[PDB]
Structure formats: structure tokens, C-alpha cells
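**Q** My questions all concern the structure below.
Quick note: the coordinates plus some simple rules give every number you see, no bench work behind them. Reconstructed Cβ throughout: ideal geometry from the backbone, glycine too, with neighbour counts over all protein chains shown.
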Protein chains: 2
Amino acid sequence: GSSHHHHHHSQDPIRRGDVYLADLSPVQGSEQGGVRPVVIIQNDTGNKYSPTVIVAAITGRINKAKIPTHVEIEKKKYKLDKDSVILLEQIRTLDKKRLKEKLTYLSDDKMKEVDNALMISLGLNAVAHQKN
Amino acid sequence: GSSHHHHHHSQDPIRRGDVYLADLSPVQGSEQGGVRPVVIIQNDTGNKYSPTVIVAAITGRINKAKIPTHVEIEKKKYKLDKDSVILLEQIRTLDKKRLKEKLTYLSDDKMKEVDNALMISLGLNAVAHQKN
């Protein structure tokens with residue numbers, strides 16, 4: 001009986017890896033979305049002090065994760081009927097007013113796909129994107 | 001004479017670090033923007049095959065870069081009359097139809113602020129965001 005974590009959250013209502021539906025809507029032109037589940041990839045302090053959250057769009061199916069920007073998630077844990085794909089290229093930043101409700105939750109191993117795929121997708125690879 | 005680079009671009013019309021104005025507009029709720037210059041933080045292949053581009057919003061002045069999510073840029077090179085701030089928390093993804101025109105250009109040092117600030121801001125730190 002030692003609370004390393006509490007019965008609700010750390011303090012942050014938005015937890016990293018806790019999936020929120022978001023009204024990703026009035027997306028411009030070729031931006032993909034509408035009200036869909038999104039993945040919270042964001043830092044810790046953004047939840048605390050910023051009104052803005054960075055998220056990545058979830059897609060049911062689209063194309064096999066053959067590209068380092070597409071990552072797939074197990075229907076089994078992620079609670080869909082189908083294995084879903086996260087598009088690390090099709091991301092955005094949405095303020096807390098856009099986030100509706102906690103739906104789903106990611107695994108630590110997919111955290112690593114997510115964080116990491118993201119840097120390939122966004123070219124910030126810590127080894128330099130010109131060095132592969 | 002040995003063209004390691006050509007007289008225009010590599011092939012990509014959008015170069016990483018080449019600043020485009022963007023119609024960042026119909027931003028939702030508390031999203032910050034309108035038509036403004038944005039920073040191309042994106043990878044290399046997104047320019048080639050994806051219609052989408054990831055960018056971060058440029059702001060004139062707002063608050064001193066005391067937060068690892070705020071980075072400042074020299075008016076001198078960046079071609080403004082004021083030192084501008086890039087907000088790595090206030091970013092988004094915009095398709096090539098949003099990008100208007102090349103304005104400005106970043107330095108390699110600021111590249112490193114940008115790539116790096118970004119992982120703090122988005123919690124994907126390659127050392128884990130829980131390990132500082």
C-alpha cells in the first residue's frame with residue numbers, strides 16, 4: 001500500500017498515451033480529419049500550463065505500415081474491431097476544447113513506435129535524418 | 001565546379017528550414033494562427049510523397065524563451081524588424097495547398113533548437129521526458 005500513482009491521475013487530466021476523441025474538424029484542404037480519436041503524443045507540461053495539445057490522427061485502415069510514418073495498433077487492446085493505423089505525418093495541435101473524451105490507451109511498445117516514427121515523419125531523428 | 005547541390009533545390013520545392021507563409025487559418029478554438037510565416041520542420045520524404053507538411057507557428061513577440069517550447073530567432077537573418085519566436089507547442093500540419101511562398105530561412109544552430117525544443121515540447125525526448 002504505497003501510492004506511487006493515485007486512483008485517478010498524476011494531476012494532468014490528459015495523460016500521454018490516453019486517447020481522446022477530438023474535433024479535429026475544420027481541417028484545411030487536404031488535412032485529414034473530422035471528429036475522430038487522436039493519440040496524445042504531447043509532453044507533460046503542456047497538459048499543465050498550455051491550452052494546446054499536440055496529437056496525431058488515428059485512422060481505421062489506410063495502407064500497411066510500410067512507411068516509417070504509418071504505425072499500426074492492436075485492435076485487441078486499442079478496443080476497435082479492426083487494427084488501426086496512426087498517421088505520424090497527419091498530425092496537429094488542438095487545444096483542450098477540441099478533446100472530448102478519453103477512449104483508448106496505448107502500450108509502451110507502441111509509445112516507441114509513436115515517438116520514434118514521429119521523428120522520422122518529422123525529420124528530427126537524433127542521428128540526423130540524412131544519416132540512416 | 002562540382003554540383004553537390006544544384007541551382008534551385010534538391011528536387012523538393014519545400015526545403016527544411018525554408019520558411020513559408022501559410023494559411024494556417026480556420027484554426028480551431030484556441031489554436032494560434034491565421035496567415036503567418038511557418039517553419040518547415042518536416043522530414044525529407046513528406047515533401048516528395050505526402051501532400052501534408054508539418055510546420056510550427058512563428059510569432060513576432062509573445063514571451064521570452066524561458067520555456068523549452070519557445071525559441072527565438074535573430075531578426076537580422078530571419079529578415080524581420082524584430083526577433084521573432086517560434087512556438088514548438090503551437091504547431092500543426094498543413095498540406096502544400098496551405099503553403100504560400102518562401103520567405104525566410106533558418107540557421108543550423110536554430111535547427112537544433114527547433115528539432116530539439118520540439119521534442120521537449122512534444123515529450124519524445126530520446127533520453128525519455130521523465131529523465132532530465
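**Q** Could you give the distance between the Cα centres of the stretch B:21-45 and the stretch A:81-132, to the whole Å?
**A** Rounded to whole Å, the Cα centres lie 19 Å apart.
**Q** So how far apart, in nm, are the two label points at A:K82 and A:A126 if each is 7 Å from Cα heading toward Cβ?
**A** Placing both labels 7 Å along Cα→Cβ, they lie 3.5 nm apart.
**Q** What spacing in nm lies between the two simple spin-label points modelled at A:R36 and A:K100, each 7 Å away from Cα in the Cβ direction?
**A** 1.4
**Q** Compare B:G33, B:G60, B:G46 in a GNM of chain B, Cα atoms joined below 10 Å, and give the one with the largest fluctuation.
**A** Result for chain B, Cα springs under 10 Å: B:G46 fluctuates most.
**Q** Then there is this: Run through every distinct alpha carbon pair of chain A and return the Kirkwood hydrodynamic radius in angstroms, one decimal place.
**A** Hydrodynamic radius (Kirkwood, Cα only) of chain A equals 15.5 Å.
**Q** So what is the 222 nm mean residue ellipticity for the protein assembly as shown from helices alone, if each DSSP H run of at least 4 adds -39500 (n - 2.57) and you divide by all residues, rounding to the nearest 500 deg cm²/dmol?
**A** Here the helix-only value at 222 nm equals -4500 deg cm²/dmol.
**Q** Placing a label point 7 Å from Cα toward Cβ, how far apart in nm is B:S2 from its equivalents in the other copies, listed shortest first to one decimal?
**A** Reported distances to equivalent positions: 6.2 nm.
**Q** Oh, and also: I need the Kirkwood Rh of the stretch B:85-132: take the reciprocal of the average 1/r across all distinct C-alpha pairs and report it in angstrom.
**A** Final number for the Kirkwood radius of the stretch B:85-132 is 12.6 Å.
**Q** Across the protein assembly as shown, how large is the tail of the calculated P(r) beyond 26 Å, expressed as a percent of all Cα pairs?
**A** Details: 13390 of 34716 pairs.
Result for the distance tail: 39 percent.
**Q** Does anyone have the angle between helix B:108-121 and the longest principal axis of chain B? Alpha-carbon axes, 0 to 90°, nearest 10?
**A** 40
**Q** When chain A is treated as a GNM, springs tying every alpha-carbon pair under 10 Å, which of A:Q42, A:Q90, A:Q28 comes out with the largest mean-square fluctuation?
**A** A:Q28
**Q** Take B:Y49 and B:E74, extend 7 Å from each Cα along the Cα→Cβ direction, and tell me the distance between the two endpoints in nm.
**A** 3.7
**Q** Mind telling me which of B:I86, B:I62, B:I73 comes out most flexible in a GNM of chain B, alpha-carbon contacts under 10 Å?
**A** B:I62
**Q** List residues of the stretch B:113-132, by number, whose backbone nitrogen lies under 19 Å from a label position 7 Å along Cα→C-beta of A:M111.
**A** Under cut-off, by backbone N: B:119-132.
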